[PDB]
Amino acid sequence: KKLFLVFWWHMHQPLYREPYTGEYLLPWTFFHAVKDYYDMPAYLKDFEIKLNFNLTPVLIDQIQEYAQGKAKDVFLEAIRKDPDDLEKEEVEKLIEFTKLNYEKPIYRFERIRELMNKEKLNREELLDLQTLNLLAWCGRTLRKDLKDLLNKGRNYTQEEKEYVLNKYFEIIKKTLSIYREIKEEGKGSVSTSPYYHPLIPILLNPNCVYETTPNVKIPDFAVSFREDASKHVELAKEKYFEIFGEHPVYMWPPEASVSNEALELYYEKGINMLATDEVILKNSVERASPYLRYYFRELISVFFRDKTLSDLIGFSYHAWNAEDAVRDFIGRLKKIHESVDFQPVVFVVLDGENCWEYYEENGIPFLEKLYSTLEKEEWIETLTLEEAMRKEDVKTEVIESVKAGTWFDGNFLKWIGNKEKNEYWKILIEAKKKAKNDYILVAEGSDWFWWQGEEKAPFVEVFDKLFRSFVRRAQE
Ligand SMILES: OC[C@H]1O[C@H](O[C@H]2[C@H](O)[C@@H](O)[C@@H](O[C@H]3[C@H](O)[C@@H](O)[C@@H](O)O[C@@H]3CO)O[C@@H]2CO)[C@H](O)[C@@H](O)[C@@H]1O
């Protein structure tokens with residue numbers, strides 16, 4: 001009797017490319033590309049387990065633009081320049097970026113502490129600040145390759161910075177290829193999401209928020225977004241086909257968000273399986289285990305993620321010693337294994353790139369220990385999404401209705417409901433009446449609403465500039 005374990009790492013960035021200038025106004029796609037988007041599937045070269053990935057199409061577009069050398073990334077320009085060529089504003093942006101990231105474990109360089117405690121920085125000090133900002137985001141692969149430059153910790157030259165930059169772009173250029181490789185070799189399945197990561201249930205029916213939060217205030221949705229909901233899914237199928245040569249049959253619904261209408265749309269668009277959150281299951285069925293494969297109306301397969309296990313990795317284990325965390329995770333799997341006489345399917349689904357910066361050494365000790373341990377546990381079998389979809393020796397249940405929600409509290413309050421978020425929806429509703437191109441789809445991304453107030457929102461003014469620029473561009 002096995003326990004089936006299914007990792008599904010979700011990779012996404014909203015579009016940071018300002019549509020009038022073409023400038024990438026934040027570097028987060030670059031930094032997560034060099035730190036996480038190649039390195040997470042690259043573990044499959046070293047560990048004989050299965051790991052699955054979601055790539056949003058908008059993320060794929062940006063990875064391609066960086067790989068082609070076309071991304072005009074303003075922060076990265078300030079890193080690349082000789083410090084004698086830095087504008088005053090670029091020095092300020094470099095220091096502010098450092099300050100925002102200063103307390104993260106991946107920024108724990110003695111030299112960063114020295115530089116941030118100095119009233120003025122000279123050219124050699126600025127070179128160190130530029131190069132250490134780059135190296136703080138070094139991924140697993142290059143942390144071995146560049147180990148000697150990493151252990152320097154200071155006294156970097158322009159030549160060394162450019163060498164690091166060159167290696168980083170090498171990583172980006174081979175990133176889509178590694179997803180094709182691990183997919184073709186059967187080491188993982190790759191899914192995608194509706195194109196710009198929108199909240200499909202709200203686009204289909206804004207009143208679905210009242211299935212969970214009767215007291216929420218929403219704006220007057222005086223225009224239909226239902227056709228846009230279909231377009232996000234259709235365009236995503238085509239982008240996926242461009243990369244992989246096939247239409248996707250698995251999708252990750254953004255924010256785990258489902259509704260009866262959203263599930264019908266995914267079925268109509270040929271999606272065979274998705275996953276969502278355990279809280280949705282609890283809200284929808286009186287008594288139901290997340291270790292079964294579910295069939296929504298016999299139309300589409302649904303797995304409900306194990307929220308506890310997923311949140312332990314995504315939010316808890318950065319605060320743990322790595323060996324202890326792996327022992328805790330395996331011991332929880334052992335308890336699940338011993339708790340049922342059938343073979344449970346355990347979905348661990350979470351963002352694939354956001355938790356690691358808070359772990360010791362970027363989560364590399366934790367993941368290496370976790371994966372090394374898993375590959376040797378005879379009673380655990382990790383599965384691709386395809387294997388999980390088709391596994392016969394598993395328990396199964398038909399479900400007829402879900403209560404609309406997300407993986408954040410089972411409801412939509414992170415994206416709608418307060419004055420500031422509602423103002424964004426009002427702006428979008430009015431723009432949609434006048435919309436002339438697909439930039440309206442960009443503005444439907446969940447990210448813009450996530451950050452709109454909110455007191456914890458790094459660079460929130462940039463997200464606001466982007467959202468409003470996409471809204472304006474959509475009407476021209
Ligand atoms: O400056 C704020 C913030 O920006 C960047 O965060 C991005 C994440 O890295 C990226 O994965 C994505 O995050 C969303 C997840 O995909 C999604 O599943 C859910 O968890 O919501 C997230 C927010 O929408 O997008 C955000 C930006 O929207 C940057 O990496 C952070 O360090 C930085 O704090």
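Count residues from 1 along the sequence. Side-chain atoms are counted along with the backbone in the values below, which use heavy atoms only and exclude waters and symmetry mates. Numbering of ligands and ligand atoms starts at 1, following listing order.
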Any nitrogen or oxygen of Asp351, main chain or side chain, under 3.5 Å from a nitrogen or oxygen of ligand 1?
-> yes
Among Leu350, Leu26, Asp447, closest by any non-hydrogen atom to atom 23 (C) of ligand 1 = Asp447
Is there at least one pair of N or O atoms, one from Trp407 and one from ligand 1, spaced under 3.5 Å apart?
-> no
For ligand 1, which part of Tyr16 has a heavy atom less than 4.0 Å away: the side chain, the backbone, both, or neither?
-> side chain
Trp450 ring center within less than 6.0 Å of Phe463 ring center | no
Ring centers of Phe97, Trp28 separated by less than 6.0 Å = yes
Near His32, which atoms of ligand 1 are under 4.0 Å from a heavy atom of that residue?
-> 9 (O), 30 (O)
Are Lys35 and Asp39 ion-paired here, with the side-chain N under 4.0 Å from a carboxylate O?
-> no
Consider ligand 1: state whether an atom of it lies below 4.0 angstrom from any non-hydrogen atom of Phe408.
-> no
Hey, which atoms in ligand 1 end up nearer than 4.0 Å to a heavy atom of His10?
-> 16 (O), 18 (O)
Any idea which atoms of ligand 1 are less than 4.0 Å away from a heavy-atom of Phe463?
-> 1 (O), 2 (C), 4 (O), 27 (C), 28 (O)
Enumerate, atom names and distances included, each donor-acceptor pair closer than 3.5 Å involving a side-chain atom of residues 437-444, sequence neighbours excluded.
from   : atom 1 : to     : atom 2 : distance (Å)
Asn437 : OD1    : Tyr439 : N      : 2.9
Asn437 : ND2    : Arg473 : O      : 3.1
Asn437 : ND2    : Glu476 : O      : 3.1
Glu444 : OE1    : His232 : NE2    : 2.8

Check: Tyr24 ring centroid to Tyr16 ring centroid under 6.0 Å | no
Are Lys421 and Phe449 in a cation-pi setup, meaning NZ or CZ lies under 6.0 angstrom from the ring centre and within 45 degrees of the ring axis?
-> no
A student checking ligand 1 against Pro458 at a 4.0 Å heavy-atom cut-off should list atoms 1 (O), 2 (C), 34 (O)
May I ask you to say whether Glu454 pairs ionically with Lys414, meaning some side-chain N is under 4.0 Å from a carboxylate O?
-> yes
Ligand 1 contact by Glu255, heavy-atom criterion under 4.0 angstrom = yes
Options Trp451, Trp450, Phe459, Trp28, ranked by nearest heavy atom to atom 5 (C) of ligand 1, top entry | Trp28
Using ring-ring contact (aromatic ring centres under 6.0 Å, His included) as the criterion, list what pairs up with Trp320, not counting sequence neighbours.
-> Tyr317
